[PDB]
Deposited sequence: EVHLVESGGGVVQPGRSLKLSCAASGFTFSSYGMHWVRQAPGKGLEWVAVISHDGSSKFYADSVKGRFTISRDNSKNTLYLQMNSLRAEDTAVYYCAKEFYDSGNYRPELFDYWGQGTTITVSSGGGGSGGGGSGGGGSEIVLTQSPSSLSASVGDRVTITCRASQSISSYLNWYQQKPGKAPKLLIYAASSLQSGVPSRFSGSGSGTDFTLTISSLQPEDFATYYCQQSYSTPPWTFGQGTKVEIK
């Protein structure tokens, strides 16, 4: 029942301004931190900004610091991103994402639910590496995806599924815990610098790009470059 609806995107020239909005429903909006994450066309996921449940704490990716402002109105259940001084490499789909734990939980945070995104086109840290980059397999096969971290991240490694054209979906959190509603064929293992996602018997609906991301050392939250899984 969680719903997140982004709006405000469009085509703009460099140096212009644009306000994005994210309307939330189906959960207690004021209990959760919220994030913006973006994805340039043909590229991977890049964390943009975070705001705590009451708006008192805010962090930004270095590439947007001083130009973007994250904001929230808990009376309207709406998250904002004020983007000023826009530029070509800000072109991307922008997603809002709800945090996973409540406000009194110390644990490294992650992206429970994502909206479908709003598109922006601008006119004319711990590094994670995934292997393989792409693979083709058949229904019923085992698929194994590796994620290596440049630096120990303990257990705070999460996996997302992104179907073509859809918002990402949390599959695994804290290296091996299954997100609710995720089928049992998905499992995760590992610790430190070495993690594996396995799909034990690939199904037709599993063709997607799979991303790891680390929550140990933040900001910034960082992502692997993605592993594309195709069904032959």
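- Numbering the deposited sequence from 1, one finds a lone region with no C-alpha coordinates, namely 125 to 139.
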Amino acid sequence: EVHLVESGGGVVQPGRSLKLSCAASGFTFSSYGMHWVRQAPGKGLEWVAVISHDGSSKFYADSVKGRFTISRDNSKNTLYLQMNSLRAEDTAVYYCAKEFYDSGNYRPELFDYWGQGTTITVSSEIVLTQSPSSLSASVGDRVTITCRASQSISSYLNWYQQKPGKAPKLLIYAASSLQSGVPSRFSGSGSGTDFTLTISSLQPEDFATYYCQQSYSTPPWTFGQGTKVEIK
From here on, numbers count along this sequence of modelled residues.
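- The mean Cα B-factor in the deposited entry runs higher for 160 to 168 than for the other of 188 to 196 and 160 to 168.
- In this entry, 115 to 123 has the higher mean Cα B-factor, the comparison being between 151 to 159 and 115 to 123.
- Within the selection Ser134, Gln82, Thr91, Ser138, the deposited Cα B-factor values reach their highest point at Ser138.
- Residue-level temperature factors show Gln13 in the highest third of its chain, judged at the C-alpha atom.
- The PDB entry assigns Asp102 a C-alpha temperature factor belonging to the highest third of its chain's modelled residues.
- Placement of the Cα temperature factor of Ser25 within the chain: highest third of the modelled residues, per the deposited record.
- Ranked by Cα temperature factor within the chain, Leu202 sits in the middle third according to the deposited record.
- In this PDB entry, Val182 carries a Cα temperature factor that places it within the highest third of its chain's modelled residues.
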